[PDB]
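> Take a look at this one; I'll ask things after.
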Amino acid sequence: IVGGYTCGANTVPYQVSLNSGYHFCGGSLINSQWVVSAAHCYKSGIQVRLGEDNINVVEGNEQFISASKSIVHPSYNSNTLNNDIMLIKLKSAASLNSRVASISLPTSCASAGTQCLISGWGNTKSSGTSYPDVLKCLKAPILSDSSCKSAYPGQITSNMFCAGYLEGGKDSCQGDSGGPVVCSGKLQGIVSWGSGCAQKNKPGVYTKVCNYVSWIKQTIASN
Ligand SMILES: [Ca+2]
Ligand SMILES: [Mg+2]
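Take the sequence shown: its letters are residues 16 to 34, 37 to 67, 69 to 125, 127 to 130, 132 to 183, 184A, 184 to 187, 188A, 188 to 204, 209 to 217, 219 to 220, 221A, 221 to 245, numbered as in PDB author numbering.
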């Protein structure tokens, strides 16, 4: 996250870190047994780490659970990143408490202008590399689809939305992939892609979760 702030330990209780010997993507806990992340974060051998703040220090509130199965969206296209969503089932159910909580799925899609909270352990420099050990947060509004489409011609589908600042300076970045975009208490997006990080007129692009609620509900109930 570039231009964001330190969230504070366990202030984003639904935030997950996907680890395969190191942190490589974020995710969101939707109930005690399932996590939603981005399909481009797919890897075999994932351990889900819950209740994390510093990912390099065991501070006491962590729960490390391996994944039993991963399900990438049936129509995920790795070339366009269209339908960039995946579900991860935990081998054991997590113990929900104040530090580990699930986030609600939306009943409707959010409107442009809505302010959201984006979080992650990704790069914090637009030009450079600085990976933080604690969770960073960023408040950003959903942008109109027109400004999103003018920035990325012929690349935005109805399953994507842009959030951010066209002036640049504030954005999600690599290492934040798969993490949550929560607006009005609901998970509305998944960190998916963008052009560099925090560049002028290049906002971040997010998977539009409101379009996948039936697939998510149907899939977790049958697995
Ligand atoms: Ca830790
Ligand atoms: Mg993240």
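The beta-carbon is built from N, C-alpha and C at its ideal position, and this holds for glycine as well.
Looking at the structure shown, is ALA243 part of a helix, part of a strand, or coil, going by DSSP?
helix
> If we count Cβ pairs, one from each stretch, closer than 8 Å, do we get three or more for the segment 99-116 versus the segment 154-168?
Taking 8 Å as the limit for Cβ pairs, the verdict is that the segment 154-168 does not touch the segment 99-116.
> State yes or no: is the C-beta of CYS58 within less than 8 Å of the C-beta of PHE41?
yes
> So what's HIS40 in DSSP terms, helix, strand or just coil?
strand
> Three-state secondary structure (DSSP) at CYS168?
helix
> How many Å lie between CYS22 and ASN97 at the Cα?
In this structure, the straight-line span from the alpha carbon of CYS22 to that of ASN97 is close to 33 Å.
> Spatial neighbours of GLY187 within its chain, please: C-beta separation below 8 Å, excluding the five flanking residues on both sides.
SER146, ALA221A, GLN221, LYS222, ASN223, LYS224
> Identify whether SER236 lies in helix, strand or coil by the three-state DSSP scheme.
helix
> In the structure shown, what three-state DSSP assignment does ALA55 receive?
coil
> Measuring from each Cβ to the nearest heavy atom of ligand 2, keep the ones under 5 Å and list them in chain order.
Selection output, chain order preserved: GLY43, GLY140, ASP194, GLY197.
> Could you compute how far the alpha carbon of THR125 sits from the alpha carbon of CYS232?
The alpha-carbon atoms of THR125 and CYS232 are separated by roughly 7 Å.
> Please tell me whether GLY43 and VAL31 are closer than 8 Å, where the distance is taken between their beta carbons.
yes
> Would you say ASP189 touches ligand 1, meaning its beta carbon is less than 7 Å from a heavy atom?
no
> Using the C-alpha atoms, what's the distance from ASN79 back to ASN25?
Taking the CA atoms as reference points, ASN25 sits about 9 Å from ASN79.
> Using only the alpha-carbon positions, how far apart do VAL235 and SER122 sit?
11 Å
> Give the secondary structure of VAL227 by DSSP, where H, G and I count as helix, E and B as strand, and everything else as coil.
In the structure shown, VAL227 falls within a strand segment according to DSSP collapsed to helix, strand and coil.
> Is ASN72 near ligand 1, going by C-beta to nearest heavy atom under 7 Å?
For ligand 1, at least one heavy atom lies less than 7 Å from the Cβ of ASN72.
> Quick one: what's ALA183 bridged to in DSSP?
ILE162, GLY226
> When you measure from the CB of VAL118 to every non-hydrogen atom of ligand 1, does any distance come out below 7 Å?
no
> My understanding is that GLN64 touches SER84, with C-beta atoms under 8 Å, so please give their C-beta distance in whole angstroms.
5 Å
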